[PDB]
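Below is one structure, written out as structure tokens; comments come after it.
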Amino acid sequence: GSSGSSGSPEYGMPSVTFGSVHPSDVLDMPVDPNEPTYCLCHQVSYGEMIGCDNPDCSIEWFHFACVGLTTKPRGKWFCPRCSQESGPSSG
Ligand SMILES: [Zn+2]
Ligand SMILES: [Zn+2]
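Sequential numbering of the sequence shown, starting at 1, is according to PDB author numbering.
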């Protein structure tokens, strides 16, 4: 019979470097629908708003056509999710 063996080392080290900056330019265009949503309906928070008087309320922001608010009470208006009051007549 017979047999044998062998071997060989190995190594390496790459190298790369670069970098560049680009200027800014606000093209002539109006706003975009890419706005955040607050109201429960998850729709763009527009002017029509009242804000929940409750400071704890995370949303504390809704519309009028979602909670029936003819106008902005700018007073003591609590969202229909916080009030959760209990009585004879529900609503
Ligand atoms: Zn809404
Ligand atoms: Zn609330």
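Backbone N, C-alpha and C fix where the C-beta goes; we use that ideal spot for every residue, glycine too.
- Restricting attention to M49, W77 and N54, the CA atom closest to the CA of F64 is found in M49.
- Rounded to whole angstroms, the separation of the alpha carbons of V67 and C52 is 11 Å.
- Taking 6 Å as the cut-off, the C-beta of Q84 does not count as close to any heavy atom of ligand 1.
- Within the same chain, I50 come within 8 Å of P73 by CB-CB distance, once the 5 residues on both sides are set aside.
- Within the chosen limit of 6 Å, ligand 1 does not reach the beta carbon of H22 with any heavy atom.
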